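Trainee: Protein chains in written order, with our numbering: chain A, 36 to 160; chain B, 20 to 72; chain C, 4 to 59; chain D, 455 to 609; chain E, 527 to 721; chain F, 23 to 345; chain G, 192 to 229. Don't be surprised by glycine CBs; every beta carbon is placed ideally from N, CA and C. There's a structure below that I have some questions on.
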Ligand SMILES: [Zn+2]
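Laid out in structure tokens, this is it:
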């Protein structure tokens, strides 16, 4: 409540390499602040490119909102979206990245597409 | 022609589309359907030092 | 307190049976022909409609 | 498509009885009740699905004495389904003609255990189907750039 | 005892194998903070170390997901646990820690006029984290191999922790061979900087 | 009470009449050797070939009078055929604008929808719906697959046990449920105990294995000679061995020479032993007796008979260029 | 022997993208969007 300009500073690089439960995931590569509306735009743009018969888009919104207006302060490596399978459909990297490519522009900071399991942050970074 | 930000953002959209060099600037020309033409954005073909950095 | 690694009593320095999966997307070098394929010109593949239709 | 589809559907004719011992109708129910549920997929995603058009008689459905309505010529009599062992490799197919997920065949080959000798060939043809999928786009990407999944899907 | 004086931290035996800097693997006695000890113990992942629990314990394998892995703590288990802990202690000391670094910068873009190398990354480790490692285990990023580190701000580097498959280290760390060593280089004037 | 042919696995072809008239009507006009400018396919009913929209349009598209093909097709197809059987007609048009059409039995979709007693749009892919369409035994699949050969000249090829899977898998793909397969058990037999069924199975399957084996043996004997030559296995090669073997030619051809049947020409110990030791210089497969090299490396899709023939020094000792 | 797994190999010239080949051009595609820090 009534937090100062220096609070929840995203600028540090985190030690937590996230674990993405979904088959694919979209992960924050830099520091920044993201508006909710931007993530909604991203979500809709991604849902345009998904085969809704085999797939479900999971958005991680549970992070704190910080006053500016309320937005998110994102550290490197924080997961955003998850492509979760309802069936045996196994995407390639080109396909998954082609899917997240729609929603990348709306997000103001750089993002990486990461495959199922734990982020291998030697390869990502 | 539309100017792409860099060489990576440059794709061949059609069957007849080609990579060509405009004086050290890499570009894409289609003899059919000219709306497919892409330039890499870079310095003018003629530039001096004070005039262009 | 100072912190230091234990010695090696048994087994290899880099985990062999315990390998983490490597995090790249596993595209075979020969399955996607891009680079790192050093193939002798005698052994050149996939010419089936060009020169490997008239073999040997 | 409405092309190459039968515009009529003749019936089955049961020529000879496969058995001489007639079943009680409770046997005809207890076998049928066994049939209505089946398994789909063979892997971690594996789901029981209820089967539509489960026949009244299980004992007499496909296994002998029934004449199929697949006849074509004028003098073609409806083919009578013969005994099982006179049909070649049927017991061998029952083992191997099933959905085989790639991962799973592979692990069998590594452990050097195959349910049938043929599952080698089942594997080799799967790989070739996958790599063909790779080989096609690489003839298509050559002629023109084709970008995977950037277009809006549906309407 | 008292509501005022509360134990800074209390000893705990572990049942699960827990990921974080506080959590341990199954079977080892570690003393961790109150608020973490209660949230581990009430969730059944940790027990109070009574003596017969120091001799043997019912832990679990994640496959069966029931506490059926019985480990009895004998001598050859306790040296194993000692080594395992003093491995992942170095693991959770270094990435959790963020090594503050400061130096002098002249010129226009944000470069250090005395670039870093592997002998003084390993130095800062000992200076503020008291971590002693052979400096030849460190490897830089691809961009920083050629010039050294040399740029202001947030940089990361990689530390290779060699031996663990002996300790069965998997899934309780982020990866078995590596730690992201996080450097931050701040420019300071001639008063406060070195070199 | 009657059971027609009780014999171990000779129900393979259909009966005589169907075979021979399917020979003289479904048939191959020989390829003249011209440049094909159109390969056309149609589904046309038996008694009726029409000058209506599809065939008339595509023949008038070339300027060809479509009445002739229609008349010839009706003269050839109206007799011998039961009604409402839609046939595959493949017309091949050459650069002389002269054509040759083949008449082929109906598509597999047609047979499956006949045999399942199902009309059109009554069946689909399973995840699209979430329930199987009609049950089918593998007995029925054979009498579907019997009808489609590769070449009516030779009905035996390709072999049923293989090509049946095409039918099974296409039916699969249609959403058909199955018995032999995709359910644990086989449709109940009234008169026999389960152990009797299974004991029957374990002898019958190996009888069929033997028959299939000899069948593809004389299959391979009809073939040209180069398939009876040596293509060694690459899988037993340690993958770095394969790629470094692709980096230089000598590893692979010395390998080929080393693992080869002992035939008069290639059986030479002098050129073999130094070949083996030349391979073993570089860490190639070293735990090998040469005679187990001849086992580990051999053509694997080559059938059992001629491969034991090649393994055997005696049977292959006889093939020698005379003069 | 630390240097067996530790890689110091300084890559002098950065490897470029094959515009002289049509298939390798699109197969080497990098799906990436340039973003300046805000
Ligand atoms: Zn174009």
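Measure the C-alpha to C-alpha separation of residue 464(D) and residue 316(F) and round it to an integer number of angstroms.
Mentor: Roughly 57 Å separates the two Cα atoms.
Trainee: Please report the residue range of the alpha helix (DSSP H) in which residue 96(F) lies.
Mentor: Where residue 96(F) is concerned, the enclosing alpha helix (DSSP H) stretches over 89-99.
Trainee: Please find out if some non-hydrogen atom of ligand 1 comes closer than 7 Å to the beta-carbon of residue 32(B).
Mentor: Residue 32(B) Cβ: within cutoff of ligand 1.
Trainee: Three or more beta-carbon pairs under 8 Å between the region 673-690 of chain E and the region 527-540 of chain E, yes or no?
Mentor: In short, these stretches do not touch, since the Cβ pair count stays below three.
Trainee: Report yes or no: do three or more beta-carbon pairs, one from the region 205-217 of chain G and one from the region 290-308 of chain F, lie closer than 8 Å?
Mentor: Because the criterion of three Cβ pairs below 8 Å is not met, the region 205-217 of chain G and the region 290-308 of chain F do not touch.
Trainee: So, does the CB of residue 590(E) fall closer than 8 Å to a CB anywhere in chain A?
Mentor: It does not; no Cβ of chain A falls within 8 Å.
Trainee: Closer than 8 Å is the cut-off here; do at least three beta carbon pairs connect the region 696-716 of chain E with the region 75-95 of chain A?
Mentor: Cβ pair count under 8 Å is below three, so no.
Trainee: My assumption, with CB atoms under 8 Å, is that residue 284(F) sits in contact with residue 505(D). Please give the rounded CB distance.
Mentor: Contact flag wrong, Cβ pair sits at about 56 Å.
Trainee: Pick out whichever of 36(F), 339(F), 286(F) has its Cα sitting closest to the Cα of residue 176(F).
Mentor: The shortest Cα separation from residue 176(F) among 36(F), 339(F), 286(F) belongs to 36(F).
Trainee: For residue 169(F), count neighbouring C-beta atoms within 10 Å of its own C-beta (all shown protein chains included) and say buried if the count is 16 or more, exposed if not.
Mentor: Residue 169(F) is buried by the Cβ-count criterion.
Trainee: Please name the residues in the region 112-144 of chain A whose beta-carbon is closer than 9 Å to at least one beta-carbon of chain D, in chain order.
Mentor: Flagged, chain order: 120, 121, 122, 123, 126, 127, 129, 130, 131, 132, 133, 134, 136, 137.
Trainee: Is it true that the CB of residue 224(G) sits closer than 8 Å to the CB of residue 662(E)?
Mentor: Contact: no.
Trainee: Using a Cβ cut-off of 8 Å, which residues of the region 589-603 of chain D contact any Cβ in chain B, in chain order?
Mentor: So the list reads 597, 598, 599, 601, given in the order they occur along the chain.
Trainee: What residues from the region 23-46 of chain B come within 8 Å of chain D, judged by C-beta to C-beta, listed N to C?
Mentor: Those would be 30, 31, 32, 33, 34, 36, in chain order.
Trainee: Closer than 8 Å is the cut-off here; do at least three beta carbon pairs connect the region 189-205 of chain F with the region 60-80 of chain F?
Mentor: The answer is no - the region 60-80 of chain F does not touch the region 189-205 of chain F, with fewer than three Cβ pairs under 8 Å.
Trainee: Any beta-carbon of chain D closer than 8 Å to the one on residue 214(G)?
Mentor: Yes, contact with chain D.
Trainee: Taking the Cβ atom as the reference point for each residue, do residue 542(D) and residue 183(F) lie within a distance shorter than 8 Å?
Mentor: Contact flag set, yes.
Trainee: How about residue 48(A) and residue 697(E): are their beta carbons less than 8 Å apart?
Mentor: Taking 8 Å as the Cβ cut-off, residue 48(A) and residue 697(E) do not qualify as a contacting pair.
Trainee: Is the region 88-98 of chain A close to the region 109-124 of chain A, with three or more CB pairs under 8 Å?
Mentor: Segments in contact, yes.
Trainee: Please look up how many angstroms separate the CB atoms of residue 684(E) and residue 665(E), rounded, as I've assumed it's under 8 Å.
Mentor: Right, the Cβ-Cβ distance comes to about 5 Å (below 8 Å), so this counts as a contact.
Trainee: If you draw a straight line from the C-alpha of residue 651(E) to the C-alpha of residue 617(E), how long is it?
Mentor: For residue 651(E) and residue 617(E), the distance between alpha carbons rounds to 12 Å.
Trainee: Using the Cα positions of residue 649(E) and residue 705(E), report the straight-line distance between them to the nearest angstrom.
Mentor: Those two C-alpha atoms are separated by around 16 Å.
Trainee: Ends of the beta strand (DSSP E) at residue 502(D)?
Mentor: 501-504 is the span of the beta strand (DSSP E), which, as asked, contains residue 502(D).
Trainee: Could you tell me the alpha carbon to alpha carbon distance between residue 115(F) and residue 165(F), rounded to whole angstroms?
Mentor: Roughly 33 Å between the two C-alpha positions.
Trainee: Roughly how many angstroms lie between the CA atoms of residue 26(B) and residue 47(B), to the nearest whole one?
Mentor: Taking the straight line joining both Cα atoms gives about 10 Å.
Trainee: Using only the heavy atoms of ligand 1, determine whether one of them is closer than 7 Å to the beta carbon of residue 604(D).
Mentor: It does not: the Cβ of residue 604(D) is nowhere closer than 7 Å to a heavy atom of ligand 1.
Trainee: Tell me which same chain residues have a C-beta within less than 8 Å of the C-beta of residue 333(F), skipping the five on either side of it?
Mentor: Only 283, 316, 317, 320 meet the Cβ criterion.
Trainee: Could you check whether the Cβ of residue 84(A) sits closer than 8 Å to any Cβ belonging to chain D?
Mentor: Yes, its Cβ sits closer than 8 Å to a Cβ of chain D.
Trainee: Pick out whichever of 466(D), 608(D), 582(D), 509(D) has its Cα sitting closest to the Cα of residue 34(C).
Mentor: Of 466(D), 608(D), 582(D), 509(D), the residue nearest in Cα terms is 582(D).
Trainee: Determine the DSSP secondary structure at residue 686(E), reduced to helix, strand or coil.
Mentor: Three-state DSSP puts residue 686(E) in a strand.
Trainee: Taking 7 Å as the line, does the beta carbon of residue 52(B) fall inside it for any heavy atom of ligand 1?
Mentor: Result yes, Cβ under 7 Å from ligand 1.
Trainee: Does the region 139-149 of chain A come within contact of the region 48-68 of chain A, defined as at least 3 CB pairs closer than 8 Å?
Mentor: With the cut-off at 8 Å, the region 139-149 of chain A and the region 48-68 of chain A touch.
Trainee: Relative to the C-alpha of residue 56(A), which candidate in 154(A), 160(A), 159(A), 105(A) has its C-alpha closest?
Mentor: Answer by Cα proximity: 154(A).
Trainee: When we look at the beta-carbon of residue 248(F) and count the other beta-carbons within 10 Å, is it buried (16 or more) or exposed?
Mentor: It is exposed - the Cβ of residue 248(F) has fewer than 16 other Cβ atoms within 10 Å.
Trainee: Is it the case that the region 47-67 of chain F contacts the region 108-124 of chain F, given that we only count it when at least three CB pairs across the two stretches are under 8 Å?
Mentor: Short answer: they touch.
Trainee: If we require 4 or more residues per run, which alpha helix (DSSP H) segments fall completely within the region 109-149 of chain A?
Mentor: Segments of the alpha helix (DSSP H) lying fully in the region 109-149 of chain A: 128-135.
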